[PDB]
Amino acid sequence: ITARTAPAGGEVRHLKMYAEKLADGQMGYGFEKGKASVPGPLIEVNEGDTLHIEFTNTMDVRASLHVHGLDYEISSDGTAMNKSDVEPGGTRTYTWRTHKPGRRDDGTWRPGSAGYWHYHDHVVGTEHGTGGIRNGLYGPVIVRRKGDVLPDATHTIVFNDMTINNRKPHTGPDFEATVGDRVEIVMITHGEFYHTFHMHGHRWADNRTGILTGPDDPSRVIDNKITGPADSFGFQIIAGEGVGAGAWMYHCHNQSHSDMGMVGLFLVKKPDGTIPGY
């Protein structure tokens, strides 16, 4: 493999993160005060890293940080129950650990942390973060296993209730690549609805990484993936591979939902920068 690939992990990474009410009513995470996004920033680590997140709640309401998939002690699951949210103005230090796979003493095989995970609020609105997740307190987390191929870029599509990334219907987001780019999608669903994520012209493998190890990988290859609240998958595609450049739609294939605007564009450009048609 002469493509770039992930290194063995085991570093202790530190991070500042803020919850911030946005002028428009929404709430978002950010790494800097006043640079909050919906989705929140992508956090990426290698199997075996440890992440110390110094989380500061700049909001007038309790708020928390709860993560999927990664190892965390109960002090860091970010629930009101476990005395683990953060009161307004407060600052708490969450710790996410990750681990590689390997045999346990009993001879069984321990799964690693690798995957396409995500984080979100667990206290705003309700004791399950329905308000926070609605207002935009979610973001993607990627844990790489030593060897995973690394992309040219990662984009995060989040189906949150009837929106993509908390955007007005029929407003994307759109994305751009050039034919041949290795594009990584992190696809997260939040809210109370079920969806099917469809991408024109492209397909991935329905497994951990969206990529086939080689000729023996039995994983189904799909281009429509059903998805429900707190589901998260990811994949990599070669932009326009086998199909050329174009304005390739992605959308929820639920007919009412795409009709109601859950649609974006994967704009794959010719090397001259043009998109055929469009």
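Heads up: residue numbers just count along the shown sequence, starting at 1.
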Notebook entry, point to check: In the PDB record, does 164 to 172 or 179 to 187 carry the higher mean Cα temperature factor?
Noted result: 164 to 172
Next item on the list: Between 197 to 205 and 126 to 134, name whichever shows the higher mean Cα B factor according to the PDB entry.
Entry: 126 to 134
Notebook entry, point to check: Between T213, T58, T50, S232, where does the Cα B-factor run highest in the record?
Noted result: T213
Check: Based on the entry's values, in what third of the chain does the Cα temperature factor of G261 lie: lowest, middle or highest?
Finding: highest
Margin query: Lowest, middle or highest third: which one holds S37 when the chain's residues are ordered by CA B-factor from the entry?
Written below: middle
Margin query: Which third, lowest, middle or highest, does the C-alpha temperature factor of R92 belong to within its own chain?
Written below: middle
Checklist line | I238, C-alpha B-factor rank within chain (lowest, middle or highest third) | finding: lowest
Item checked: Third of the chain, ranked by Cα B-factor, where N46 sits -> middle
